[PDB]
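**Q** Enclosed is the structure file data_7.csv (CSV, N, CA, C and O atoms).
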```csv
chain,number,residue,atom,x,y,z
N,1253,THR,N,1.7,-15.0,3.0
N,1253,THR,CA,0.9,-14.4,2.0
N,1253,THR,C,-0.1,-13.4,2.6
N,1253,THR,O,-0.7,-13.8,3.7
N,1254,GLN,N,-0.4,-12.3,2.0
N,1254,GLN,CA,-1.2,-11.2,2.6
N,1254,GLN,C,-2.7,-11.5,2.4
N,1254,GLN,O,-3.5,-11.4,3.4
N,1255,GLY,N,-3.1,-11.9,1.2
N,1255,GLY,CA,-4.4,-12.4,0.9
N,1255,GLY,C,-5.6,-11.4,1.0
N,1255,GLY,O,-5.5,-10.2,0.8
N,1256,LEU,N,-6.8,-12.0,1.4
N,1256,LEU,CA,-8.0,-11.3,1.6
N,1256,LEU,C,-8.0,-10.1,2.6
N,1256,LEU,O,-8.5,-9.0,2.3
N,1257,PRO,N,-7.3,-10.3,3.7
N,1257,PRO,CA,-7.2,-9.2,4.6
N,1257,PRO,C,-6.4,-8.0,4.0
N,1257,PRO,O,-6.6,-6.9,4.3
N,1258,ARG,N,-5.5,-8.4,3.1
N,1258,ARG,CA,-4.8,-7.4,2.3
N,1258,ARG,C,-5.7,-6.7,1.3
N,1258,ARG,O,-5.6,-5.5,1.1
N,1259,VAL,N,-6.6,-7.5,0.7
N,1259,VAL,CA,-7.5,-6.9,-0.3
N,1259,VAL,C,-8.4,-5.8,0.5
N,1259,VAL,O,-8.6,-4.7,-0.1
N,1260,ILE,N,-8.8,-6.2,1.7
N,1260,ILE,CA,-9.6,-5.3,2.5
N,1260,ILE,C,-8.8,-4.1,2.9
N,1260,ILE,O,-9.2,-2.9,2.9
N,1261,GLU,N,-7.5,-4.4,3.2
N,1261,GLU,CA,-6.5,-3.3,3.6
N,1261,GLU,C,-6.4,-2.3,2.5
N,1261,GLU,O,-6.1,-1.1,2.7
N,1262,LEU,N,-6.5,-2.7,1.2
N,1262,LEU,CA,-6.4,-1.9,0.1
N,1262,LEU,C,-7.7,-1.1,-0.2
N,1262,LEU,O,-7.7,0.1,-0.2
N,1263,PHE,N,-8.8,-1.8,-0.4
N,1263,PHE,CA,-10.1,-1.2,-0.7
N,1263,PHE,C,-10.5,-0.2,0.4
N,1263,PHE,O,-11.2,0.7,0.1
N,1264,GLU,N,-10.0,-0.4,1.6
N,1264,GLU,CA,-10.3,0.5,2.7
N,1264,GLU,C,-9.2,1.6,2.8
N,1264,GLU,O,-9.3,2.5,3.7
N,1265,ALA,N,-8.1,1.4,2.0
N,1265,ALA,CA,-6.9,2.4,2.1
N,1265,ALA,C,-6.4,2.5,3.5
N,1265,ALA,O,-6.1,3.6,4.0
N,1266,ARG,N,-6.2,1.4,4.2
N,1266,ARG,CA,-5.8,1.4,5.6
N,1266,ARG,C,-4.3,1.2,5.8
N,1266,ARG,O,-3.6,0.4,5.2
N,1267,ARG,N,-3.8,2.0,6.7
N,1267,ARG,CA,-2.4,2.0,7.2
N,1267,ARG,C,-1.7,0.7,7.2
N,1267,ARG,O,-2.1,-0.1,8.1
N,1268,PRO,N,-0.8,0.4,6.4
N,1268,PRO,CA,-0.1,-0.9,6.3
N,1268,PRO,C,0.7,-1.1,7.6
N,1268,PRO,O,1.3,-0.2,8.2
N,1269,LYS,N,0.6,-2.4,8.1
N,1269,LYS,CA,1.3,-2.7,9.4
N,1269,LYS,C,2.8,-2.6,9.2
N,1269,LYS,O,3.5,-2.1,10.1
N,1270,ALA,N,3.4,-3.2,8.1
N,1270,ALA,CA,4.8,-3.0,7.9
N,1270,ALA,C,5.0,-1.9,6.9
N,1270,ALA,O,5.4,-2.2,5.8
N,1271,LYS,N,5.0,-0.7,7.4
N,1271,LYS,CA,4.9,0.5,6.6
N,1271,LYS,C,6.3,0.7,6.0
N,1271,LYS,O,7.3,0.7,6.8
N,1272,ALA,N,6.4,0.8,4.7
N,1272,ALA,CA,7.7,1.2,4.1
N,1272,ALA,C,7.7,2.8,4.1
N,1272,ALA,O,6.8,3.4,4.5
N,1273,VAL,N,8.8,3.3,3.6
N,1273,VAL,CA,9.0,4.8,3.6
N,1273,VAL,C,9.2,5.3,2.2
N,1273,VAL,O,9.9,4.6,1.4
N,1274,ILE,N,8.7,6.4,1.8
N,1274,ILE,CA,8.8,7.0,0.5
N,1274,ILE,C,9.4,8.4,0.5
N,1274,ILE,O,9.2,9.1,1.5
N,1275,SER,N,10.1,8.8,-0.6
N,1275,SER,CA,10.7,10.1,-0.7
N,1275,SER,C,9.6,11.1,-1.1
N,1275,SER,O,9.0,10.9,-2.1
N,1276,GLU,N,9.5,12.2,-0.3
N,1276,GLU,CA,8.5,13.2,-0.7
N,1276,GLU,C,9.0,14.1,-1.8
N,1276,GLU,O,8.2,14.8,-2.4
N,1277,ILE,N,10.3,14.0,-2.0
N,1277,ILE,CA,10.9,14.8,-3.1
N,1277,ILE,C,11.9,14.0,-4.0
N,1277,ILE,O,12.0,12.8,-3.8
N,1278,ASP,N,12.5,14.7,-4.9
N,1278,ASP,CA,13.4,14.1,-5.8
N,1278,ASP,C,14.8,14.5,-5.5
N,1278,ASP,O,15.1,15.7,-5.6
N,1279,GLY,N,15.7,13.6,-5.0
N,1279,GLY,CA,17.0,14.0,-4.7
N,1279,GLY,C,17.9,12.8,-4.5
N,1279,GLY,O,17.5,11.6,-4.7
N,1280,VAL,N,19.2,13.0,-4.1
N,1280,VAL,CA,20.2,12.0,-3.8
N,1280,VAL,C,20.0,11.4,-2.5
N,1280,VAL,O,19.5,12.0,-1.5
N,1281,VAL,N,20.4,10.1,-2.4
N,1281,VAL,CA,20.3,9.4,-1.1
N,1281,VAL,C,21.6,9.3,-0.4
N,1281,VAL,O,22.6,8.7,-1.0
N,1282,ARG,N,21.7,9.9,0.8
N,1282,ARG,CA,22.9,9.8,1.6
N,1282,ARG,C,22.6,9.0,2.9
N,1282,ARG,O,21.9,9.5,3.7
N,1283,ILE,N,23.2,7.9,3.0
N,1283,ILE,CA,23.0,7.0,4.1
N,1283,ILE,C,24.0,7.3,5.2
N,1283,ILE,O,25.2,7.3,5.0
N,1284,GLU,N,23.5,7.6,6.4
N,1284,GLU,CA,24.3,7.9,7.6
N,1284,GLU,C,23.9,7.1,8.8
N,1284,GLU,O,22.8,7.1,9.2
N,1285,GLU,N,24.9,6.3,9.3
N,1285,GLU,CA,24.8,5.6,10.5
N,1285,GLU,C,26.0,5.7,11.4
N,1285,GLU,O,27.1,5.2,11.0
N,1286,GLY,N,25.8,6.2,12.6
N,1286,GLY,CA,26.7,5.9,13.7
N,1286,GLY,C,25.9,4.8,14.3
N,1286,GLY,O,24.7,4.7,14.0
N,1287,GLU,N,26.4,3.9,15.2
N,1287,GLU,CA,25.6,2.8,15.5
N,1287,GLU,C,24.7,3.2,16.7
N,1287,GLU,O,25.1,3.2,17.9
N,1288,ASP,N,23.5,3.7,16.4
N,1288,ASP,CA,22.4,3.8,17.3
N,1288,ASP,C,21.2,3.4,16.6
N,1288,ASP,O,20.5,2.4,16.9
N,1289,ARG,N,20.8,4.2,15.6
N,1289,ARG,CA,19.7,4.0,14.7
N,1289,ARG,C,20.2,4.4,13.3
N,1289,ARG,O,21.3,4.9,13.1
N,1290,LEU,N,19.4,4.0,12.3
N,1290,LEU,CA,19.8,4.3,10.9
N,1290,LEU,C,19.1,5.6,10.3
N,1290,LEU,O,17.9,5.7,10.5
N,1291,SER,N,19.9,6.5,9.7
N,1291,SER,CA,19.3,7.6,9.1
N,1291,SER,C,19.6,7.7,7.6
N,1291,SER,O,20.7,7.6,7.2
N,1292,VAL,N,18.5,7.9,6.8
N,1292,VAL,CA,18.7,8.0,5.4
N,1292,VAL,C,18.2,9.4,4.9
N,1292,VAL,O,17.0,9.7,4.9
N,1293,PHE,N,19.2,10.2,4.4
N,1293,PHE,CA,18.9,11.6,4.0
N,1293,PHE,C,18.6,11.7,2.6
N,1293,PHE,O,19.4,11.3,1.7
N,1294,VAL,N,17.4,12.1,2.2
N,1294,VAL,CA,17.1,12.4,0.8
N,1294,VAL,C,17.3,13.9,0.7
N,1294,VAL,O,16.6,14.7,1.3
N,1295,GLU,N,18.3,14.3,-0.1
N,1295,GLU,CA,18.8,15.7,-0.2
N,1295,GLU,C,18.7,16.2,-1.6
N,1295,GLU,O,19.1,15.4,-2.5
N,1296,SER,N,18.3,17.4,-1.8
N,1296,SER,CA,18.1,18.0,-3.1
N,1296,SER,C,18.7,19.4,-3.2
N,1296,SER,O,19.4,19.9,-2.3
N,1297,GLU,N,18.4,20.0,-4.3
N,1297,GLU,CA,19.0,21.4,-4.6
N,1297,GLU,C,18.5,22.4,-3.6
N,1297,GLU,O,19.3,23.1,-3.0
N,1298,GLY,N,17.2,22.5,-3.3
N,1298,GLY,CA,16.7,23.4,-2.3
N,1298,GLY,C,16.3,22.8,-1.0
N,1298,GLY,O,16.0,23.5,0.0
N,1299,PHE,N,16.2,21.5,-1.0
N,1299,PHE,CA,15.6,20.8,0.2
N,1299,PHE,C,16.5,19.6,0.7
N,1299,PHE,O,17.0,18.9,-0.1
N,1300,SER,N,16.6,19.5,2.0
N,1300,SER,CA,17.3,18.4,2.6
N,1300,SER,C,16.4,17.8,3.7
N,1300,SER,O,16.1,18.5,4.7
N,1301,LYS,N,15.9,16.6,3.5
N,1301,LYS,CA,15.0,16.0,4.4
N,1301,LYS,C,15.5,14.6,4.8
N,1301,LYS,O,15.8,13.8,4.0
N,1302,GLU,N,15.5,14.3,6.1
N,1302,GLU,CA,16.1,13.1,6.6
N,1302,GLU,C,15.0,12.1,7.1
N,1302,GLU,O,13.9,12.5,7.5
N,1303,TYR,N,15.3,10.8,6.9
N,1303,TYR,CA,14.3,9.8,7.3
N,1303,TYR,C,14.9,8.9,8.4
N,1303,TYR,O,15.9,8.3,8.3
N,1304,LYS,N,14.2,8.9,9.6
N,1304,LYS,CA,14.5,8.1,10.7
N,1304,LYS,C,14.1,6.6,10.4
N,1304,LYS,O,12.9,6.4,10.2
N,1305,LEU,N,15.1,5.7,10.4
N,1305,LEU,CA,14.8,4.3,10.1
N,1305,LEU,C,15.4,3.4,11.2
N,1305,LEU,O,16.5,3.7,11.7
N,1306,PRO,N,14.6,2.4,11.6
N,1306,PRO,CA,15.0,1.4,12.5
N,1306,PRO,C,16.2,0.6,12.0
N,1306,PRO,O,16.2,0.3,10.8
N,1307,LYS,N,17.1,0.2,12.8
N,1307,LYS,CA,18.3,-0.5,12.4
N,1307,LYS,C,18.0,-1.9,11.8
N,1307,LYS,O,18.8,-2.4,10.9
N,1308,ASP,N,16.9,-2.5,12.2
N,1308,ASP,CA,16.5,-3.8,11.8
N,1308,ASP,C,16.0,-3.9,10.3
N,1308,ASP,O,16.4,-4.7,9.5
N,1309,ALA,N,15.1,-2.9,10.0
N,1309,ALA,CA,14.5,-2.9,8.7
N,1309,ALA,C,15.6,-2.7,7.6
N,1309,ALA,O,16.5,-2.0,7.8
N,1310,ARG,N,15.4,-3.3,6.4
N,1310,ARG,CA,16.3,-3.1,5.3
N,1310,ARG,C,15.8,-2.2,4.2
N,1310,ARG,O,14.6,-1.9,4.2
N,1311,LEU,N,16.6,-1.8,3.3
N,1311,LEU,CA,16.3,-0.8,2.3
N,1311,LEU,C,16.7,-1.1,0.9
N,1311,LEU,O,17.6,-1.9,0.7
N,1312,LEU,N,16.1,-0.4,0.0
N,1312,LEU,CA,16.3,-0.7,-1.5
N,1312,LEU,C,17.3,0.2,-2.1
N,1312,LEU,O,17.6,0.0,-3.3
N,1313,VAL,N,17.8,1.2,-1.4
N,1313,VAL,CA,18.6,2.2,-2.1
N,1313,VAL,C,20.0,2.4,-1.5
N,1313,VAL,O,20.2,2.8,-0.4
N,1314,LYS,N,21.0,2.1,-2.3
N,1314,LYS,CA,22.4,2.3,-1.9
N,1314,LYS,C,22.8,3.7,-1.8
N,1314,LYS,O,22.2,4.6,-2.5
N,1315,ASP,N,23.8,4.0,-1.0
N,1315,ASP,CA,24.2,5.4,-0.8
N,1315,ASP,C,24.7,6.1,-2.1
N,1315,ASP,O,25.5,5.6,-2.8
N,1316,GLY,N,24.1,7.3,-2.3
N,1316,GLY,CA,24.5,8.1,-3.5
N,1316,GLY,C,23.5,7.9,-4.6
N,1316,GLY,O,23.7,8.5,-5.7
N,1317,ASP,N,22.5,7.0,-4.5
N,1317,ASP,CA,21.6,6.7,-5.5
N,1317,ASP,C,20.4,7.8,-5.6
N,1317,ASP,O,20.0,8.4,-4.6
N,1318,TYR,N,20.0,8.0,-6.8
N,1318,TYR,CA,18.9,8.9,-7.1
N,1318,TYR,C,17.5,8.3,-6.8
N,1318,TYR,O,17.3,7.1,-7.1
N,1319,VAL,N,16.6,9.1,-6.3
N,1319,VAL,CA,15.3,8.7,-6.0
N,1319,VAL,C,14.2,9.7,-6.5
N,1319,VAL,O,14.3,10.9,-6.2
N,1320,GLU,N,13.2,9.2,-7.2
N,1320,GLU,CA,12.1,10.0,-7.6
N,1320,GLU,C,11.2,10.2,-6.4
N,1320,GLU,O,11.3,9.5,-5.4
N,1321,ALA,N,10.2,11.1,-6.5
N,1321,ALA,CA,9.2,11.4,-5.5
N,1321,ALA,C,8.3,10.1,-5.4
N,1321,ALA,O,7.9,9.5,-6.3
N,1322,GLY,N,8.1,9.8,-4.1
N,1322,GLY,CA,7.2,8.6,-3.8
N,1322,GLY,C,7.9,7.3,-4.0
N,1322,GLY,O,7.3,6.2,-3.7
N,1323,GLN,N,9.1,7.3,-4.4
N,1323,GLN,CA,9.9,6.0,-4.6
N,1323,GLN,C,10.2,5.4,-3.2
N,1323,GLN,O,10.8,6.1,-2.3
N,1324,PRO,N,9.9,4.2,-3.0
N,1324,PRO,CA,10.1,3.5,-1.7
N,1324,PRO,C,11.6,3.4,-1.4
N,1324,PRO,O,12.3,2.9,-2.2
N,1325,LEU,N,11.9,3.8,-0.2
N,1325,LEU,CA,13.3,3.7,0.3
N,1325,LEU,C,13.5,2.3,0.9
N,1325,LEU,O,14.5,1.7,0.8
N,1326,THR,N,12.5,1.8,1.6
N,1326,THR,CA,12.5,0.6,2.4
N,1326,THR,C,11.6,-0.4,1.8
N,1326,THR,O,10.7,-0.1,1.0
N,1327,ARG,N,11.7,-1.7,2.2
N,1327,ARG,CA,10.9,-2.8,1.8
N,1327,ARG,C,9.6,-2.9,2.6
N,1327,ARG,O,9.6,-2.9,3.8
N,1328,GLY,N,8.5,-3.0,1.9
N,1328,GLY,CA,7.2,-3.2,2.5
N,1328,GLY,C,6.0,-2.6,1.7
N,1328,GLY,O,6.3,-2.0,0.7
N,1329,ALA,N,4.8,-2.8,2.2
N,1329,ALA,CA,3.7,-2.2,1.6
N,1329,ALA,C,3.7,-0.7,1.8
N,1329,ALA,O,4.4,-0.2,2.7
N,1330,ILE,N,3.0,0.0,0.9
N,1330,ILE,CA,3.1,1.5,0.9
N,1330,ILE,C,1.7,2.1,1.3
N,1330,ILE,O,0.7,1.7,0.7
N,1331,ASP,N,1.8,3.0,2.2
N,1331,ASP,CA,0.6,3.8,2.6
N,1331,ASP,C,0.0,4.6,1.5
N,1331,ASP,O,0.7,5.5,1.0
N,1332,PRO,N,-1.2,4.3,1.0
N,1332,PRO,CA,-1.8,5.0,-0.1
N,1332,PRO,C,-1.8,6.5,0.0
N,1332,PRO,O,-1.5,7.2,-1.0
N,1333,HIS,N,-2.2,7.0,1.1
N,1333,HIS,CA,-2.3,8.5,1.3
N,1333,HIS,C,-0.9,9.2,1.1
N,1333,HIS,O,-0.8,10.3,0.5
N,1334,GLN,N,0.1,8.5,1.6
N,1334,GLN,CA,1.5,9.1,1.5
N,1334,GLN,C,1.9,9.3,0.1
N,1334,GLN,O,2.3,10.3,-0.3
N,1335,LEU,N,1.7,8.2,-0.7
N,1335,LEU,CA,2.1,8.3,-2.1
N,1335,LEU,C,1.1,9.1,-2.9
N,1335,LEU,O,1.3,9.5,-4.1
N,1336,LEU,N,-0.1,9.3,-2.4
N,1336,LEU,CA,-1.1,10.2,-3.0
N,1336,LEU,C,-0.6,11.7,-2.9
N,1336,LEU,O,-0.6,12.4,-3.8
N,1337,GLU,N,-0.1,12.0,-1.7
N,1337,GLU,CA,0.4,13.3,-1.4
N,1337,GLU,C,1.9,13.5,-1.9
N,1337,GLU,O,2.4,14.6,-1.9
N,1338,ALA,N,2.4,12.4,-2.4
N,1338,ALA,CA,3.8,12.4,-2.9
N,1338,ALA,C,3.8,12.4,-4.4
N,1338,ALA,O,4.1,13.4,-5.1
N,1339,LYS,N,3.5,11.2,-5.0
N,1339,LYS,CA,3.6,11.0,-6.5
N,1339,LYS,C,2.4,11.5,-7.2
N,1339,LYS,O,2.5,12.0,-8.4
N,1340,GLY,N,1.2,11.6,-6.5
N,1340,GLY,CA,0.0,11.9,-7.2
N,1340,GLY,C,-1.0,10.8,-7.4
N,1340,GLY,O,-0.7,9.6,-7.2
N,1341,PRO,N,-2.2,11.1,-8.0
N,1341,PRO,CA,-3.3,10.2,-8.1
N,1341,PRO,C,-3.1,9.0,-9.0
N,1341,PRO,O,-3.5,7.9,-8.6
N,1342,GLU,N,-2.6,9.2,-10.2
N,1342,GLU,CA,-2.5,8.1,-11.2
N,1342,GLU,C,-1.6,6.9,-10.6
N,1342,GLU,O,-2.0,5.8,-10.8
N,1343,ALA,N,-0.5,7.3,-10.0
N,1343,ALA,CA,0.4,6.3,-9.4
N,1343,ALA,C,-0.4,5.5,-8.3
N,1343,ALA,O,-0.1,4.3,-8.1
N,1344,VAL,N,-1.3,6.2,-7.6
N,1344,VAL,CA,-2.1,5.6,-6.6
N,1344,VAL,C,-3.0,4.5,-7.2
N,1344,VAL,O,-3.0,3.4,-6.7
N,1345,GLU,N,-3.7,4.9,-8.2
N,1345,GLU,CA,-4.5,4.0,-9.0
N,1345,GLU,C,-3.8,2.8,-9.4
N,1345,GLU,O,-4.2,1.6,-9.1
N,1346,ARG,N,-2.6,3.0,-10.0
N,1346,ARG,CA,-1.7,1.9,-10.5
N,1346,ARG,C,-1.4,1.0,-9.4
N,1346,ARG,O,-1.5,-0.2,-9.5
N,1347,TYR,N,-0.9,1.5,-8.2
N,1347,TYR,CA,-0.4,0.7,-7.1
N,1347,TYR,C,-1.6,-0.1,-6.5
N,1347,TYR,O,-1.4,-1.3,-6.3
N,1348,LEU,N,-2.7,0.5,-6.3
N,1348,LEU,CA,-3.9,-0.2,-5.7
N,1348,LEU,C,-4.3,-1.3,-6.6
N,1348,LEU,O,-4.4,-2.5,-6.2
N,1349,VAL,N,-4.6,-1.0,-7.9
N,1349,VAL,CA,-5.0,-2.0,-8.8
N,1349,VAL,C,-4.0,-3.2,-9.0
N,1349,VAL,O,-4.4,-4.4,-8.9
N,1350,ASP,N,-2.7,-2.8,-9.1
N,1350,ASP,CA,-1.7,-3.8,-9.3
N,1350,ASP,C,-1.5,-4.7,-8.1
N,1350,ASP,O,-1.1,-5.9,-8.2
N,1351,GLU,N,-1.7,-4.2,-6.9
N,1351,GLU,CA,-1.6,-5.0,-5.7
N,1351,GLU,C,-2.8,-5.9,-5.5
N,1351,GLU,O,-2.6,-7.1,-5.1
N,1352,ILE,N,-4.0,-5.4,-5.7
N,1352,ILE,CA,-5.2,-6.2,-5.7
N,1352,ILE,C,-5.1,-7.4,-6.6
N,1352,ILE,O,-5.3,-8.6,-6.3
N,1353,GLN,N,-4.7,-7.1,-7.9
N,1353,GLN,CA,-4.5,-8.1,-8.9
N,1353,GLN,C,-3.3,-9.0,-8.5
N,1353,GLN,O,-3.2,-10.1,-8.9
N,1354,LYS,N,-2.3,-8.5,-7.7
N,1354,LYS,CA,-1.2,-9.3,-7.3
N,1354,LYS,C,-1.8,-10.4,-6.4
N,1354,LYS,O,-1.4,-11.6,-6.6
N,1355,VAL,N,-2.6,-10.0,-5.5
N,1355,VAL,CA,-3.3,-11.0,-4.6
N,1355,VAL,C,-4.1,-12.0,-5.4
N,1355,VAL,O,-3.9,-13.2,-5.3
```
Is it possible to give me this structure as structure tokens?
**A**
Amino acid sequence: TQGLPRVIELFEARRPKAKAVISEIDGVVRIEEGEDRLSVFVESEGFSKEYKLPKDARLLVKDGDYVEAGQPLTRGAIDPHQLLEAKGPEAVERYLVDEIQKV
């Protein structure tokens, strides 16, 4: 359990230790792995951006799936600033409040 240090981690908006990753744009998910490291490509009409992922960490999105902006690709806590610059302010409010209340 994360607990009080997590509450502090939230109220201070501090970089999560087990940082998940979020899509900066809206596009399809194309998973590519030769066996070295894992790469997850969020690709769209005008933009193609790839995410470097460690082979060990697991993810929430199967290949070919649609992802909204700021939608977490991997499992873990989410860096507030990232989703602020991704999804926008209201979603940040929602996440912060819901996590504090989760604890």
**Q** Give me, as JSON, numbers by chain, the residues of chain N that a backbone DSSP run labels helix (DSSP H, G or I).
**A** {"N": [1255, 1256, 1257, 1258, 1259, 1260, 1261, 1262, 1263, 1332, 1333, 1334, 1335, 1336, 1341, 1342, 1343, 1344, 1345, 1346, 1347, 1348, 1349, 1350, 1351, 1352, 1353, 1354]}
**Q** Report as a list in words all protein, DNA and RNA residues lying within 6 Å of residue 1321 of chain N, evaluated on all atoms listed in the file, omitting residues in the same chain fewer than 2 positions from it.
**A**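 Residues meeting the cut-off are residues 1275, 1276, 1277, 1278, 1319, 1323, 1338 and 1339 of chain N.
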**Q** For segment 1324-1343 of chain N, take all atoms listed in the file, fit an axis-aligned box around them, add 5 Å to each of the six sides, then output centre and edge lengths in Å rounded to one decimal, as JSON.
**A**
```
{"center_x": 5.5, "center_y": 5.7, "center_z": -3.7, "size_x": 28.0, "size_y": 27.8, "size_z": 25.0}
```
**Q** Counting only C-alpha atoms, select every polymer residue within 9 Å of (5.8, -3.7, 4.8) as defined in the file's coordinates, and provide the selection as a ChimeraX atom specification.
**A** /N:1268-1272,1326-1330
**Q** Just to confirm, what's the straight-line distance from atom O of residue 1314 of chain N to atom C of residue 1281 of chain N in Å (one decimal)?
**A**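 The value is 5.2 Å.
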**Q** I need the strand (DSSP E) residues of chain N per DSSP on the backbone, written as a ChimeraX atom specification.
**A** /N:1279-1284,1290-1295,1300-1305,1318-1319
**Q** Pull N, CA, C and O atoms from the residues just selected and write them as an mmCIF file, keeping the file's coordinate frame.
**A**
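Generated output (part.cif):
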```
data_model
loop_
_atom_site.group_PDB
_atom_site.id
_atom_site.type_symbol
_atom_site.label_atom_id
_atom_site.label_comp_id
_atom_site.auth_asym_id
_atom_site.auth_seq_id
_atom_site.Cartn_x
_atom_site.Cartn_y
_atom_site.Cartn_z
ATOM 1 N N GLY N 1279 15.700 13.600 -5.000
ATOM 2 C CA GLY N 1279 17.000 14.000 -4.700
ATOM 3 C C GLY N 1279 17.900 12.800 -4.500
ATOM 4 O O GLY N 1279 17.500 11.600 -4.700
ATOM 5 N N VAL N 1280 19.200 13.000 -4.100
ATOM 6 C CA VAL N 1280 20.200 12.000 -3.800
ATOM 7 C C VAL N 1280 20.000 11.400 -2.500
ATOM 8 O O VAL N 1280 19.500 12.000 -1.500
ATOM 9 N N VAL N 1281 20.400 10.100 -2.400
ATOM 10 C CA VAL N 1281 20.300 9.400 -1.100
ATOM 11 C C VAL N 1281 21.600 9.300 -0.400
ATOM 12 O O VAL N 1281 22.600 8.700 -1.000
ATOM 13 N N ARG N 1282 21.700 9.900 0.800
ATOM 14 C CA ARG N 1282 22.900 9.800 1.600
ATOM 15 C C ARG N 1282 22.600 9.000 2.900
ATOM 16 O O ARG N 1282 21.900 9.500 3.700
ATOM 17 N N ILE N 1283 23.200 7.900 3.000
ATOM 18 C CA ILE N 1283 23.000 7.000 4.100
ATOM 19 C C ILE N 1283 24.000 7.300 5.200
ATOM 20 O O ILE N 1283 25.200 7.300 5.000
ATOM 21 N N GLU N 1284 23.500 7.600 6.400
ATOM 22 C CA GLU N 1284 24.300 7.900 7.600
ATOM 23 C C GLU N 1284 23.900 7.100 8.800
ATOM 24 O O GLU N 1284 22.800 7.100 9.200
ATOM 25 N N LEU N 1290 19.400 4.000 12.300
ATOM 26 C CA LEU N 1290 19.800 4.300 10.900
ATOM 27 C C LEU N 1290 19.100 5.600 10.300
ATOM 28 O O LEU N 1290 17.900 5.700 10.500
ATOM 29 N N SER N 1291 19.900 6.500 9.700
ATOM 30 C CA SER N 1291 19.300 7.600 9.100
ATOM 31 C C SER N 1291 19.600 7.700 7.600
ATOM 32 O O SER N 1291 20.700 7.600 7.200
ATOM 33 N N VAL N 1292 18.500 7.900 6.800
ATOM 34 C CA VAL N 1292 18.700 8.000 5.400
ATOM 35 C C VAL N 1292 18.200 9.400 4.900
ATOM 36 O O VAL N 1292 17.000 9.700 4.900
ATOM 37 N N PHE N 1293 19.200 10.200 4.400
ATOM 38 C CA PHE N 1293 18.900 11.600 4.000
ATOM 39 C C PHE N 1293 18.600 11.700 2.600
ATOM 40 O O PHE N 1293 19.400 11.300 1.700
ATOM 41 N N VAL N 1294 17.400 12.100 2.200
ATOM 42 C CA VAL N 1294 17.100 12.400 0.800
ATOM 43 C C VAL N 1294 17.300 13.900 0.700
ATOM 44 O O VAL N 1294 16.600 14.700 1.300
ATOM 45 N N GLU N 1295 18.300 14.300 -0.100
ATOM 46 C CA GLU N 1295 18.800 15.700 -0.200
ATOM 47 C C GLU N 1295 18.700 16.200 -1.600
ATOM 48 O O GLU N 1295 19.100 15.400 -2.500
ATOM 49 N N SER N 1300 16.600 19.500 2.000
ATOM 50 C CA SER N 1300 17.300 18.400 2.600
ATOM 51 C C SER N 1300 16.400 17.800 3.700
ATOM 52 O O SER N 1300 16.100 18.500 4.700
ATOM 53 N N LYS N 1301 15.900 16.600 3.500
ATOM 54 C CA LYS N 1301 15.000 16.000 4.400
ATOM 55 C C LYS N 1301 15.500 14.600 4.800
ATOM 56 O O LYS N 1301 15.800 13.800 4.000
ATOM 57 N N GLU N 1302 15.500 14.300 6.100
ATOM 58 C CA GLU N 1302 16.100 13.100 6.600
ATOM 59 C C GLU N 1302 15.000 12.100 7.100
ATOM 60 O O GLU N 1302 13.900 12.500 7.500
ATOM 61 N N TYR N 1303 15.300 10.800 6.900
ATOM 62 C CA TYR N 1303 14.300 9.800 7.300
ATOM 63 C C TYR N 1303 14.900 8.900 8.400
ATOM 64 O O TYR N 1303 15.900 8.300 8.300
ATOM 65 N N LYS N 1304 14.200 8.900 9.600
ATOM 66 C CA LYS N 1304 14.500 8.100 10.700
ATOM 67 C C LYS N 1304 14.100 6.600 10.400
ATOM 68 O O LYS N 1304 12.900 6.400 10.200
ATOM 69 N N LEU N 1305 15.100 5.700 10.400
ATOM 70 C CA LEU N 1305 14.800 4.300 10.100
ATOM 71 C C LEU N 1305 15.400 3.400 11.200
ATOM 72 O O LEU N 1305 16.500 3.700 11.700
ATOM 73 N N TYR N 1318 20.000 8.000 -6.800
ATOM 74 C CA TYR N 1318 18.900 8.900 -7.100
ATOM 75 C C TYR N 1318 17.500 8.300 -6.800
ATOM 76 O O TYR N 1318 17.300 7.100 -7.100
ATOM 77 N N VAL N 1319 16.600 9.100 -6.300
ATOM 78 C CA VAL N 1319 15.300 8.700 -6.000
ATOM 79 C C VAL N 1319 14.200 9.700 -6.500
ATOM 80 O O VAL N 1319 14.300 10.900 -6.200
#
```
